[PDB]
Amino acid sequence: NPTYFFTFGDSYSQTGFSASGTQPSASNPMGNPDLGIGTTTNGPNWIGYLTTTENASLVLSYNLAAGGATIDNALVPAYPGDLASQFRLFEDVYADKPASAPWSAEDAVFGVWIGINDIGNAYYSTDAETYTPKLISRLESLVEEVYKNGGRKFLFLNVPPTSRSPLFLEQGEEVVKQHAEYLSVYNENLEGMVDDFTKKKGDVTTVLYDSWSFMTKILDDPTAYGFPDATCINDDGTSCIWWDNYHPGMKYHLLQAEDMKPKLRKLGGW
C-alpha cells in the first residue's frame, strides 16, 4: 500500500522526472531518472532521501519540480515550468487517478517547496507586506486544484535562508539583509495560509516544515554538522553546505530529510 508523493518546486527539489519516462513502482520508487541523478546536490536530494532512505513504508515519487521555478509567471516570472505549469502537468497526467498512479485521499501526499525564486527575483522591487500575499494567494489557489481532485495530505516547506548562499553573500550584507527581511514576510504569510487552509477545510492533514530554521542552525554552527564553514562551495555535495553558489549539497539534503522524517509521520509514509 504505497504513498503517492507528488512534489512541486524548483531546483532545490528537481530530479528531472519526466511524466513520459519510467513511472514509479515498488521496485523503482523514483520512476526516473535513477535515484541520485538530476539534482542540484551531486546525489539524492531531500525527495530522493525521503522516498528511499527515510521512508517507513513504500513511497512512490512523482517529482514535478522544475529548475528556476517561480509560483506563477503572471506574478514573478522566470522559466516556463513555473509552479502553475507543474500543477497543470499534474492535472493533465495524474489528477484523475490513472491506473499507473491510482491514488486516493488516504494515501497521496502533495509536497510543495516554492518561493526561493519568487523572493530571489522580487525582493528589491516589490513591497513584501502587500506583494507576498499575492504570491501566497496564488499558491493557495493551485493547492485548491489538488484539493478539488481529492487530495487531502499536504507538505509545505518554507523558504530556507538563501540570503546566506554565496550568491547573495557576494552582493553585500545590506542585500543579504534586504532579501532576508522580505523572505521572513513571505514565510510568515505562508504559515498563515497553511494554518487558514487547514482550519477552513477541516479534513486535511498538513505539515509546514520550517526549512528556514533548520538550515539556519547549520549555517550558524556548521562544524557541529561536519561542515568546515558555512560559505565554502564543493560540487562533491558533501565537503561543504553548498554544491554551487545557490544550492546545498546532498549532505545538507540528507540532514534535512532526516530532520523532516519525524515531522512527516502524520502524512503516512514516514
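Residue positions are given as counts along the sequence shown, with the first one as 1.
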| property | result |
| --- | --- |
| Per the entry, higher mean C-alpha B factor between 105-113 and 172-180 | 172-180 |
| Segment of higher mean CA temperature factor, 96-104 or 81-89 | 96-104 |
| Highest-ranked of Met215, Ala65, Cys232, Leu50 once sorted by CA temperature factor in the record | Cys232 |
| Residue of maximum C-alpha B factor among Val207, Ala69, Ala56, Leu60, per deposited coordinates | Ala56 |
| Relative C-alpha B-factor of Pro161, binned into the chain's lowest, middle or highest third | lowest |
| Modelled-residue ranking by C-alpha temperature factor, third containing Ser20 | middle |
| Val185 - which third its CA temperature factor falls in, relative to the rest of the chain | highest |
| Chain third (lowest, middle, highest) by recorded CA B-factor, residue given as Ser239 | highest |
| Chain-relative CA temperature factor third for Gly151 | lowest |
